[PDB]
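Enquirer: Structure incoming, see below.
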Amino acid sequence: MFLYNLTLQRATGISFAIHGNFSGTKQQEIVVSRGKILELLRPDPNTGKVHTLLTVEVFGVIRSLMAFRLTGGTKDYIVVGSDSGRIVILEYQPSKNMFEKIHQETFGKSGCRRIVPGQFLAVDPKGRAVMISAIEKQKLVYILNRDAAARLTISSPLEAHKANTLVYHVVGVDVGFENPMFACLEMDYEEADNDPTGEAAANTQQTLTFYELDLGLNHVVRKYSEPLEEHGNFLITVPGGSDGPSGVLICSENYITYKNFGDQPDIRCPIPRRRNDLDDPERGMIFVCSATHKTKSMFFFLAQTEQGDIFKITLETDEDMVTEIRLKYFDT
Amino acid sequence: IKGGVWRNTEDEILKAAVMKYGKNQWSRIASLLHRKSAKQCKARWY
Amino acid sequence: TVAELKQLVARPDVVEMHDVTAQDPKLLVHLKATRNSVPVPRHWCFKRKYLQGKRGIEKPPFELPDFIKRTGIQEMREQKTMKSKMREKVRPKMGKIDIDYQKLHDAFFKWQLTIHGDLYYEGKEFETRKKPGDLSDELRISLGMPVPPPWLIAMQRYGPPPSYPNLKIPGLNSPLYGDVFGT
Amino acid sequence: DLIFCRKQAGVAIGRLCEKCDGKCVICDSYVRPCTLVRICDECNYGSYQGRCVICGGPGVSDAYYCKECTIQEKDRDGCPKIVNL
Amino acid sequence: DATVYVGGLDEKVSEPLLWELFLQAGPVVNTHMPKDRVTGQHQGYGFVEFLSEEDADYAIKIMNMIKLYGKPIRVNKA
Amino acid sequence: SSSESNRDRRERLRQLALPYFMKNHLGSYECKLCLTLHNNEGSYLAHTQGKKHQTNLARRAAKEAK
Amino acid sequence: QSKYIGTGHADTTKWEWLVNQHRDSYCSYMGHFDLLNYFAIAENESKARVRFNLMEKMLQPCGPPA
Amino acid sequence: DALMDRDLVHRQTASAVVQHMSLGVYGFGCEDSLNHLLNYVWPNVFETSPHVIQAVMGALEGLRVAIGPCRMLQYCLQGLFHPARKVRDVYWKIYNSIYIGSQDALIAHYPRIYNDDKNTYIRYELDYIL
Amino acid sequence: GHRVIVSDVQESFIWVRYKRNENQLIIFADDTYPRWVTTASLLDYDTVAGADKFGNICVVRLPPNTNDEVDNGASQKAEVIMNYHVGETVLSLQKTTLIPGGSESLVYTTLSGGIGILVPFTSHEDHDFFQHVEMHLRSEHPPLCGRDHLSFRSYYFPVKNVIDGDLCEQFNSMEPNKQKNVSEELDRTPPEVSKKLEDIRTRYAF
RNA sequence: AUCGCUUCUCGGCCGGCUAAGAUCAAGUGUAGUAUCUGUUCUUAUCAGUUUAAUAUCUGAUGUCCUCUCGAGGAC
Ligand SMILES: [Zn+2]
Ligand SMILES: [Zn+2]
Ligand SMILES: [Zn+2]
Ligand SMILES: [Zn+2]
């Protein structure tokens, strides 16, 4: 017997969303990722009716997705974190109404792995170097520079390898025209495996480390480390240089902490709770995801709880020194 | 180069060959063995 | 203790002589009995290096699948003096096989083992798959019975055999088609 | 005495000389050239520009992997430029 | 009783149809059915060693029902 | 090819001079007493022409005659 | 092989083998969007909190060693 | 007939045949007979001869991709913890060969292993039922 | 109405016939593989379809020689006739005829929100043709991420007897030189090819 | 009819001469395996190493006293 397969209704589930300018237009095309599917939408400034410009199936499990831009560049490419051992850089040709495969690079084995990258994906604000990472042991970097014709060329990889180290999340860091930085959440289980008592199960804090790419030395050295008080799930870029301070926000259990280097001391704030809540007090809270709103005038952040509570995160700074943090209830 | 130590295999095969062909034909017997000549086969017999 | 270790398993029969020396028997007991997994081959603890040529000298050289036999190549392949060989170079004749390209475009299309629960080991060939209740053709011929084999009439009177106690043979406690009169 | 270097695979294309020209590196075979070889500039640099991946002569061509090593995914490991020990 | 003596056979019978033949009753552990070398043919009498004795005494009871080539087969203890 | 003739000629010579030696389902020569395998029958024959092969036939000789 | 995590050997313990297959299962859960969503459905949480609890269970699972 | 051993070279070369066949036929649905042949392949696992052991390795690798890991692993389970050192050396070598590739797809096929005192060996995630 | 199909959470299918007089529950067959089972469906009396918690679809058929009354860990089993990885977990399986006047087909939803169908072939011609489709398409039009199609559909279990329609339909999106040149490798025309794939969809579904 | 001898008959085992006519083919090296032959452990006990278990390897021959390995006494 033989069976021919047909899809009829394509999956409506949306795992990821990235907003960039893919046509070189002042409008913002929204590239969203259905489960096995790559998808491209066009919302309308006036009526807001969301036009689907493209829907394509990649025949592979999408893992993470990020959009980026060359420095001061006109247009935006796409980086596809995949389940294969290949990162691919894509460009949507507005005319042809379909994507082209701009770059195909093979960093390792196939399928969702423990040590194989593609899991977590970060990129520099200036688009110099994109950093790709697995859950454990392997963190790789591809450096990007436009060619003589200003068409994108990808470099050779690098290696961040650190033994027996779990990576919670990786977020690009803002340093304008500098040696790029990266915020890697890490933890070491090597303390836990050699501790028959079970003490290392507790009393082990996830280490926040900033790697520094260095163009001139063309390797990636561990530079910054601080132990995190409590375990946060994810991090947030804080645009630095001209606009705002350069630092990272850390979303932690029942807290958010701006935690940065230089002389900058950490700033913690509790995650506010609603008056007269019916839930188990034993159930804490963190934030799910965050979408930064970046404006030539100002900037802020948007956070959400399990319960769906979006807050507007703000920074109170003295010059480049942030003194405190202000969170106003935004919506739900 | 052909010269060397005598082997039980070469020696037994020499027995059988001498039995079959006869004493006066040496070139025929040297033909079967490897790494040995007719003179060497004859003098090895006698 | 190899004794009490046999009380902790659904199929303790899996535990064997050297099994009690295992570095982790308290698991291997639970693995070896896993549902569809297959046993380890037995040729070790036998020092014979997995084979000898005793039973292997009575085997046929080979026999073709019937699909290849009907073709007719078998008769085509079957002798030559040396000067005929240097004549075979100077003379040479062509087209000795002269196969039918229709036939060899036919057989393997138009015309043309074991399950997972089995694995081969050294000496095993015929036996497991002649048993009480299962005999060969010819010996049927010497016996000369038309389609029970008649001494399973006396397996009525004298009783079920001590040697194969689990026995069932047709018509008695085993309620039979072709050759096989007992299982 | 002779074994892979296995440094991280870069974007540099492999280069085989006259001798090694047709060989798929790992399977040692000439069959079904399909994909392409990548080795790090740490293995391929300078006097190694256009050098053979094996003997150390000038590369006249580029190595192609077989289909055999493709499905077994061996082409994705460290750079298969043999180093003498 | 572990062994039995078996008379009155035809040489087309061999050690195999004895193997198969008496294991129909109960397994023959050790088979002995002489091959005569001189004229290369069998006289047709057999000796059988079993696992233990019970096999072979049941074998005395049941055993002499076999008929090899239309003809009678002797089985007795030994 | 001349090499091919020797293989043929050294099998026949070890067939003439030859009851124990045989050829298995493969091509090798074997001594069925001693259960030895021989690269060439003549090489095998010598083992067949040896004093150890001799003994193990006598020992099996006695072992049967008992 | 050694530098490839999950490599086994003859001296491999139970505990290490099972904690391996655990951690690999968890990386699969982080990997496949759906199966993750199944988990979120069954036991009611966010996708986030699920992945968080898993990342907590990465080092521990089965608890202390022996 | 060949894999059943007259002499080692038969097992070796025949095994190589099983390899290239196994890569070639992949995905077309013939796996059954390849399983049957895998039966006769399987005893040859044990030997010290370099060419036959590396041959058998290539063999079982191709058979890995063609048959799928599940069946492989179902032949490779019991050998892991067996008391002897030999069997563990080898079955762990095999299990590694099966492990590096397709490590992603192995998850489903690890059997149920009961939990002892200090450790919980049951993965309960798979037992969540809607 | 005759037999009963047990679905294990782990060891998958257990064929169980209920003897009415003895009232006994009878396991006469089981699967050759462990599979984590979401739900089952009957294509017919002798076949069973099943989905994996991991998002696989298997179909296992009894041998026609099965013993209907009986009394390592089993006696006789059933061969696995199909393995296909959807990549999306399937919580229900239902066989039906989607459209009036259409051909009977198999139906699977998934957890991702997608709804799709499996369809039998009525001819070896469309069979082999779609085979060449899949073949020259794959290498000539690789998947987007660089991930291979074949492996992705063979992901947990190797593909057996399934042609992927969503790859065959991408014939539309290829460049006209791809479309044409491939059609030549297929010895057809873009209209021929295209309509011939519209055949199955049309006839069976929308 | 028997013995011996003989004759016939039947059955079974059951390559010419010459100057011998003249003349006479071997690659290498790096790794590695297999198959032949020859030769060695009647060691007793215990302890340790070691092995799946063997095997193997590694160490010594109830204690004290007296007399000339043996004898006696005390345990
Ligand atoms: Zn290198
Ligand atoms: Zn070269
Ligand atoms: Zn290759
Ligand atoms: Zn011998």
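Going by Swiss-Prot, the residues shown for chain I are 997-1067, 1083-1217, listed in order.
Recorded method for this deposit: electron microscopy, 5.1 Å.
Cβ from N, Cα, C; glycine included.
Grabbed the feature section from Swiss-Prot, which reads as follows:
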- I:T1200: phosphothreonine (MOD_RES)
- I:1028-1049: region 'Interaction with SF3B1' (REGION)
- I:1100-1123: region 'Interaction with SF3B5' (REGION)
- I:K1171: site 'Interaction with SF3B1' (SITE)
Enquirer: Could you round the CA separation between I:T1200 (phosphothreonine) and I:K1171 (site 'Interaction with SF3B1') to a whole angstrom and send it over?
Expert: 29
Enquirer: If you count the other Cβ atoms within 10 Å of each Cβ, which of the recorded positions I:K1171, I:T1200 comes out on top?
Expert: I:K1171
Enquirer: Tally of helix, strand and coil residues over the region 'Interaction with SF3B5' (I:1100-1123) according to DSSP?
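Expert: Per-class counts: 0 helix, 9 strand, 15 coil.
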Enquirer: Could you tell me how many residues in the region 'Interaction with SF3B1' (I:1028-1049) are helical, how many are strand and how many are coil under DSSP?
Expert: 0 helix, 12 strand, 10 coil
Enquirer: Helix, strand or coil by DSSP: which one applies to I:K1171 (site 'Interaction with SF3B1')?
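Expert: In three-state terms, I:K1171 (site 'Interaction with SF3B1') counts as strand.
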